[PDB]
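Colleague:
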Amino acid sequence: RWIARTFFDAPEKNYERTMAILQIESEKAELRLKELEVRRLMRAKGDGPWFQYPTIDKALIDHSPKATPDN
Amino acid sequence: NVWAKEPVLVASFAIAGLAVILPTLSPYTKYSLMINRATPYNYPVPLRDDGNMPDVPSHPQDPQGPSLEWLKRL
């Protein structure tokens with residue numbers, strides 16, 4: 073009884089530690105699988121803000137009266 | 010000094026230094042930019058009628074527009 077009193081831990085302490093720790097890592101695993109599914113559909117269709125390789129910037133396209141009428 | 014050692018090099022450095030410095034101090038550089046700007050290569054296009062501008066004259070004889078005169082006035 074003295075050994076359990078001065079050194080060891082209650083099963084309540086360890087049990088709730090296990091339960092909280094499973095909650096944490098279940099969040100981690102669900103976010104990881106959701107991450108890779110979001111990544112594969114976002115590479116497939118391209119609608120998302122990740123895989124957008126830079127196209128032409130149209131600010132340099134400056135329409136104006138040219139020399140030749142038929143451009 | 011250096012005028013007796015290599016004179017043509019010193020003369021070249023002097024005329025080069027005035028070629029660097031001298032185009033700043035001149036009464037003609039703004040005249041150069043005006044002469045060079047105001048020559049029309051392409052067609053000066055007409056544009057849409059009115060935003061009620063007190064500019065853009067409807068006749069090429071009308072003096073309401075920005076024209077050049079200092080070609081003839083030296």
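Chains as they are written, first to last, in the authors' numbering: chain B5, 73 to 143; chain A3, 10 to 83. Each residue gets a CB set at the ideal place from its N, CA and C atoms; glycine is no exception.
1. Helix, strand or coil for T38 (chain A3), going by three-state DSSP, please let me know.
2. Between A116 (chain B5) and chain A3, is there a C-beta pair that is closer than 7 Å?
3. Under a CB-based cut-off of 7 Å, is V54 (chain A3) close to chain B5?
4. Between the alpha carbons of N61 (chain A3) and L27 (chain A3), how many angstroms are there, rounded?
5. For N51 (chain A3), return the contacting residues in chain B5, with the cut-off set at a CB-CB distance below 7 Å.
6. Output the distance between the C-alpha atoms of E99 (chain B5) and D119 (chain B5), rounded to the nearest integer angstrom.
7. Between which two residues does the alpha helix (DSSP H) carrying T78 (chain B5) extend?
8. What would DSSP say about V65 (chain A3), mapped onto helix, strand or coil?
9. DSSP three-state label for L31 (chain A3), please.
10. Since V110 (chain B5) is in the alpha helix (DSSP H), which residue starts that stretch and which ends it?
Modeller: Put simply:
1. The DSSP-derived three-state label of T38 (chain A3) is helix.
2. False, the Cβ-Cβ gap to chain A3 never drops below 7 Å.
3. At least one chain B5 Cβ lies under 7 Å of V54 (chain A3).
4. Spanning the two alpha carbons is a distance of roughly 50 Å.
5. In chain order: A139.
6. Distance between the alpha carbons of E99 (chain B5) and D119 (chain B5) is about 26 Å.
7. DSSP places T78 (chain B5) in the uninterrupted alpha helix (DSSP H) bounded by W74 to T78.
8. Coil, per DSSP.
9. DSSP, reduced to helix, strand and coil, places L31 (chain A3) outside both helices and strands of the structure shown, so it counts as coil.
10. Note, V110 (chain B5): alpha helix (DSSP H), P83 to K117.
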